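A single chain, nothing else alongside it, follows as structure tokens in the form deposited in one PDB entry.
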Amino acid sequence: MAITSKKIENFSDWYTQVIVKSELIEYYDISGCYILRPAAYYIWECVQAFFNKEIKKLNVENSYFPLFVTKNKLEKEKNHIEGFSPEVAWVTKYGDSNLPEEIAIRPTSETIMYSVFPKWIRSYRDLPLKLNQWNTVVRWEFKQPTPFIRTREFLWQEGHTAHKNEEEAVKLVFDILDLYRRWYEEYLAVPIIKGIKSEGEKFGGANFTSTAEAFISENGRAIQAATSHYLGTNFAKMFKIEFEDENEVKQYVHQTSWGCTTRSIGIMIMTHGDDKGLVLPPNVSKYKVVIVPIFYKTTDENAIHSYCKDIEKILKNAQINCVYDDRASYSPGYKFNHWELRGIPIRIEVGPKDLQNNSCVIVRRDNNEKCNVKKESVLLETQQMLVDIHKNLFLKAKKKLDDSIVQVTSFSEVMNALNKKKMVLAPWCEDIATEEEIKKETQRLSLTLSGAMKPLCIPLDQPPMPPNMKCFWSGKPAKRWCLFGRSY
């Protein structure tokens, strides 16, 4: 019924409380895995629809290749309940693993896909080839887990393409990346930084890895929001995926992979959450409005029930989903808290002092600003409000993000900024040994999760690099500006 830990002071328990007490998830008694209740799934359905539309515009074609992961990752269920997640249940009776270990570690159809691709691509006429699929996997949950965020249970999407060029493929990679950005912004009202990964933090089979980075202020921790890989000809060469060009001479396809996950949900939740509880941006909230009757002393309760039902009509007629809470058992206060907690964007309160006034009151979930509004304005005003709540969420989020970055030019400044829950943006020479040197040094200077500072991304929107500038670590000429930060 209420939230005991304050977000800014006991973050982890705050998150726990919020997601279980907001009817988002439900834990099974066994395996520590959770049910995505309608409340949670709805979000996924929204972003899923969005993505599908947008990649259809990109001539991506949905499909399904059976997922493979090495047997070893599924043993904990095999011993505990003798059952596996249905999407990868075949991989046990498979026996010996195959082929490269670098991909078998993670559930994917890449192992299968790449295997059948050379038979699908023989001519240049067969390119470009653009596939997508939606996946769900669940393994025996971590001992100390964080739903959406640090968990073995996932619901995600993975795309794969093959091209005649590198230009084609890379363009595509960044197109997808910007779709992930829109994914987070237009729908989860979450801001992210577009960037390229350090050579040590990139995917090994990748030429380069582009990422969307998000940042949790209350933790002072960054977390990867989405990834788009330019794979190059690595796996073409590896799997003999060649085609015959227009001049009719055999050449290697250029591939890309990309994927975003239910992680996004958790990230959203961490971005907008109150001590009051859940705050959904309206696009991903099943009900946009809850309608509450306020009355204690005896009155025409019927008159109100009707007035309210009239508002509910006005709105459900605009395909704006409402819930009217006329429960007799609970105080108007109880209700307030109950739906504030479940993350409903707008609450309309109806009072006897509003039926003779023919108005009502509307309250925003995000800033709890109240206002008085006439009945005929209700629909309009509610709409404009549902837009504004979103813009506002995205703003406060963005500001927090912007405030969490410190531009340093030397290592002196680093640790300070770190302990203030900030990430730094620093002139790096991007040489590799320095990654591990910086990890080890920053781990050694700090007071679950790690304290070592990792290179997160080289952001696409680069600050000018002075001709002089040295790497804040090596003292070599700095190559580019890089985000370092503690992370998930």
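If you superpose the two forms and keep the largest set of C-alpha atoms that fall within 1.5 Å, you have the rigid core. Residue indices: 1-based, along the sequence shown.
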- Checking the other PDB entries with both flanking residues built, is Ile344 absent in a third or more? no
- Do at least a third of the other compared PDB entries leave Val116 without coordinates? no
- Message: If you take the mean CA temperature factor per stretch, which one wins between 222-230 and 408-416?
- Response: 408-416
- Note on the structure: Of 365-373 vs 301-309, the stretch with the larger average CA B-factor in the entry is 301-309
- Query: Highest Cα B-factor in the PDB entry belongs to which of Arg152, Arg122, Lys130, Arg181?
  - Reply: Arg122
- Of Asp96, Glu340, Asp326, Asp275, which one's C-alpha B factor is largest in the deposited record? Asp96
- Query: Can you tell me which third, lowest, middle or highest, the CA B-factor of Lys57 falls into for its chain?
  - Reply: lowest
- CA B-factor ranking of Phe336, expressed as a third of its chain: lowest
- Message: For the chain shown, is the CA B-factor of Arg106 in the lowest, middle or highest third of its modelled residues?
- Response: highest
- Query: How does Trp90 rank on Cα B-factor within its chain, lowest, middle or highest third?
  - Reply: highest
- Query: So where's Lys316 on the chain's Cα temperature factor ranking, which third?
  - Reply: highest
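Note that the form deposited with a small molecule bound isn't included here; everything after this is about it.
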- Query: So, in the deposited complex, is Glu158 in contact with the small molecule at a 4.5 angstroms heavy atom limit?
  - Reply: yes
- Give a yes/no on whether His390 approaches the small molecule to within 4.5 Å in the deposited complex, heavy atoms considered. no
- Message: Is it the case that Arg139, even though its partner is missing from this view, gets within 4.5 Å of the small molecule in the deposited complex, heavy atoms only?
- Response: yes
- Message: Against the small molecule in the deposited complex, would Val88 count as a contact residue? Criterion: heavy atoms within 4.5 Å.
- Response: yes
- Among 350-358, 245-253, 122-130, 150-158, the region lying within 4.5 Å of the small molecule in the deposited complex by heavy atom distance: 150-158
- Task: Check each of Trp134, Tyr287, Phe203, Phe336 and return the one that places a heavy atom within 4.5 angstroms of the small molecule in the deposited complex.
- Result: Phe203
- Item | Partner-contacting position among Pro118, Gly259, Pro332, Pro100 - heavy atom within 4.5 Å of the small molecule in the deposited complex | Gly259
- Query: Which of the listed residues (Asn98, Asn165, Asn416, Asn367) moves its Cα by 2 Å or more between this form and the one not shown when the core is kept in place?
  - Reply: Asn98
- Task: Kindly check if the Cα atom of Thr299 is displaced 2 angstroms or more between this form and the one not shown relative to the superposed rigid core.
- Result: yes
- Does the distance between the two CA positions of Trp428 reach 2 Å or more between this form and the one not shown, the core being superposed? no
- Message: Once both forms sit on the same rigid core, is the C-alpha displacement of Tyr184 at or above 2 Å between this form and the one not shown?
- Response: no
- Look at the CA atoms of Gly205 and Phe142: state whether they lie closer or farther apart in the deposited complex than in this form, given a difference of 3 Å or more. closer
- Checked in the deposited complex: CA of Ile105 to CA of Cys457 differs by 3 Å or more, atoms lying farther
